[PDB]
Structures are given as C-alpha cells and as structure tokens.
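Inspection log for the structure reproduced underneath, given as structure tokens.
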Amino acid sequence: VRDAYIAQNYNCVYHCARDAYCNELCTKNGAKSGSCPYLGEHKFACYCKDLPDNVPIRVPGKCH
C-alpha cells in the first residue's frame with residue numbers, strides 16, 4: 001500500500017475528465033481513494049492512495 005500516480009499500460013495516466021473518475025478507478029483497484037492534480041504535480045494526473053505496491057507508479061519518464 002502506497003500513494004501513486006496510477007498508470008494503465010505503460011506509464012500512461014487514465015482519462016481523468018473529473019476528479020471522481022480517478023477516485024472511482026483507484027477504489028476499483030481496491031485502494032483507499034484518489035484525486036486528480038490538474039493544476040498540480042505531474043499536471044492532469046490521477047493520484048491514488050493505498051495503491052498496493054504490486055501496481056506500478058507513473059515514473060517521471062516515457063509512456064508507451
């Protein structure tokens with residue numbers, strides 16, 4: 001369990017139209033909750049909380 005910019009496949013963030021979308025996705029993954037730094041770090045990412053370490057993080061590099 002950690003915080004993470006959650007990714008899909010690979011290192012690419014999901015289509016956070018609304019903050020809720022990301023909290024939803026995040027909780028679907030069995031995490032605590034999430035939210036979307038639009039005007040914040042990474043800039044339009046999906047932050048998830050208590051994401052189990054099994055699921056990787058959006059590293060500050062490529063997206064495939």
*Evaluate the relative contact order of the chain (contact order divided by residue number), counting alpha-carbon pairs under 8 angstrom at least 6 apart; express in whole percent.*
44 percent
*asked:* If I take all pairs of Cα atoms in the chain, what percentage of them are more than 21 Å from each other?
replied: 10 percent
_Full-extension gain between residue 20 and residue 62, please, as 0.36 nm times their residue separation minus the C-alpha to C-alpha distance._
12.6 nm
*What 222 nm value per residue comes from the helices of the chain, counting each DSSP H run with n ≥ 4 as -39,500 (n - 2.57) and dividing by all residues, nearest 500 deg cm²/dmol?*
-4500 deg cm²/dmol
*In terms of modelled amide H atoms, which long-range or inter-chain residues lie less than 5 Å from the amide H of residue 50?*
2, 3, 32
_trypsin sites (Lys or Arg not before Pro) within the chain, DSSP loop, no more than 12 other Cβ atoms inside 10 Å_ = 18, 43, 62
*chymotrypsin sites (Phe, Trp or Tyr not before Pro) within the chain: DSSP coil, no more than 12 neighbouring Cβ in 10 Å*: 10, 38, 44
*Mind checking which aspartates and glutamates have their Cα closer than 17 Å to the Cα of residue 32? Skip sequence neighbours fewer than 8 apart in that chain.*
3, 19, 24, 50, 53
*For the stretch 56-64, in order, what is each residue's ³J(HN,Hα) by Karplus, 6.51 cos²θ - 1.76 cosθ + 1.60 with θ = phi - 60°, in whole Hz (x at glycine and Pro)?*
x, 10, 6, 6, x, x, 5, 8, 10
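Note: ideal-geometry Cβ built from the backbone for every residue, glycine included; neighbour counts use all protein chains shown. The numbers here are math on the coordinates, done by the rules we state, and not lab data.
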